[PDB]
Amino acid sequence: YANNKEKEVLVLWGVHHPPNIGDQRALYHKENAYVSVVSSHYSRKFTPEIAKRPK
Amino acid sequence: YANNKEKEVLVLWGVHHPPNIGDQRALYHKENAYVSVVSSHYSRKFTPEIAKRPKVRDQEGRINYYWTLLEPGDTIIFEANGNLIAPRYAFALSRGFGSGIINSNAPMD
C-alpha cells in the first residue's frame with residue numbers, strides 16, 4: 001500500500017499464535033510461518049510462537 | 001509456571017554464549033540452539049552467539065541475564081534445546097513507595 005492521502009495513515013495488523021501445532025497445520029498448512037512488515041521507517045519480522053497459554 | 005500468589009513474581013533466567021564452537025558442541029550437543037520465553041505480556045526468542053570475547057573473570061564466554069514480572073493469574077513458558085540457565089528461585093513481591101539506591105559507605109543505625 002502506497003500512501004497518497006497527504007496525511008499520516010494509521011495501519012493496524014496482527015500476528016496469530018495458535019495454541020498447538022495441530023491448529024497451525026490446520027489453518028496455515030506450514031510448520032513455521034513468517035510475517036514481514038516493511039516500510040521506510042518501520043521494519044519487523046514475526047514468527048508464530050506456538051504455546052499452550054492459559055485460557 | 002503459573003502464578004497463583006496474587007502478587008507479581010520476578011523471574012530471572014540466562015542464555016549462555018560459549019567462546020568457541022567446540023564448547024557449544026561439548027555442552028549442548030547442538031550446532032545452533034534456541035531459547036523461547038513466552039508469557040501473556042512478554043515474549044522473546046534467543047539464539048546463542050559464539051564469539052571470542054575478551055577474557056574477564058578468567059572466562060571468554062558470556063551469560064546474558066534476563067528478567068520478567070509475571071502478573072497474578074499468568075503463566076510463563078520456557079522452551080530450549082540448549083544454552084539455557086534455567087530459573088531456580090523466583091521472587092513474589094509487591095512494590096511500595098517510589099524509592100532509590102543510596103551509594104554510600106556509612107554506618108547503619
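As a basis for the values below, the full set of heavy atoms in this structure was taken, side chains included, without hydrogen atoms, waters or symmetry mates. Below, chain A is the first sequence line, B the second, and so on; all start at residue 1.
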Chi angles and distances behind the side chain to side chain contact (heavy atoms under 4.5 Å, CB included) call for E60(B), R53(B): CA-CA 5 Å; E60(B) 274 168 351; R53(B) 259 153 278 187; 5.6 Å; no
Counting C-beta onward and ignoring hydrogens, is there a side-chain heavy-atom pair between [X] and [Y] closer than 4.5 Å?
{"X": "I85(B)", "Y": "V15(B)", "answer": "no"}
{"X": "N20(A)", "Y": "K52(A)", "answer": "yes"}
{"X": "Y66(B)", "Y": "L12(B)", "answer": "no"}
{"X": "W13(B)", "Y": "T68(B)", "answer": "yes"}
{"X": "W67(B)", "Y": "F91(B)", "answer": "no"}
{"X": "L93(B)", "Y": "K7(B)", "answer": "no"}

Check: [Y] main-chain N/O paired with [X] side-chain donor or acceptor under 3.5 Å:
{"X": "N3(B)", "Y": "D74(B)", "result": "no"}
{"X": "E79(B)", "Y": "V37(B)", "result": "no"}
{"X": "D23(A)", "Y": "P18(A)", "result": "no"}

Separation of [Y] [atom2] from [X] [atom1] (nearest 0.5 Å):
{"X": "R53(A)", "Y": "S43(B)", "atom1": "CZ", "atom2": "OG", "answer": "7.0 Å"}
{"X": "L10(B)", "Y": "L70(B)", "atom1": "CG", "atom2": "CG", "answer": "9.5 Å"}
{"X": "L84(B)", "Y": "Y28(B)", "atom1": "CG", "atom2": "OH", "answer": "8.5 Å"}
{"X": "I21(B)", "Y": "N32(B)", "atom1": "CD1", "atom2": "CG", "answer": "9.0 Å"}
{"X": "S36(A)", "Y": "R44(A)", "atom1": "OG", "atom2": "CZ", "answer": "11.5 Å"}

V9(A), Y42(A): one ILVMFWY side-chain cluster at the under-4.5 Å cut-off?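 Yes, it is one cluster - the side chains of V9(A) and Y42(A) are joined through contacts under 4.5 Å.
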Between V38(B) and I76(B), is there a shared hydrophobic cluster once you connect ILVMFWY residues whose side-chain heavy atoms come closer than 4.5 Å? no
Where do [X] and [Y] come nearest, in terms of heavy atoms and distance?
{"X": "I50(A)", "Y": "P19(A)", "answer": "CG2-O, 3.5 Å"}
{"X": "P48(B)", "Y": "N83(B)", "answer": "CB-ND2, 3.4 Å"}
{"X": "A33(B)", "Y": "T47(B)", "answer": "O-CG2, 3.5 Å"}

Assess the pair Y1(B) and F78(B): is the distance between their ring centroids shorter than 6.0 Å? no
Count the heavy atoms belonging to other residues, nucleotides or ligands that lie under 6.0 Å from NZ of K45(A), then report whether that count exceeds 12.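 For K45(A), atom NZ is crowded (more than 12 foreign heavy atoms under 6.0 Å).
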Count the heavy atoms of every other residue, nucleotide or ligand shown that sit under 6.0 Å from NZ of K5(B), and state whether that count exceeds 12. no
Please test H16(A) against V35(A) for side chain to side chain contact (heavy atoms under 4.5 Å, CB included), starting from the C-alpha separation and ending with a verdict. CA-CA 10 Å; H16(A) 183 212; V35(A) 182; over 6 Å; no
Going through the checks in order, is the side chain to side chain contact (heavy atoms under 4.5 Å, CB included) test met by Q24(A) and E31(A)? CA-CA 7 Å; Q24(A) 168 76 52; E31(A) 152 64 33; over 6 Å; no
Looking just at side-chain N and O atoms, do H17(B) and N64(B) make a donor-acceptor pair shorter than 3.5 Å?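 Side-chain D/A pair, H17(B) to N64(B): present.
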Would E49(B) and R62(B) pass as an ion pair if we require N to O under 4.0 Å? no
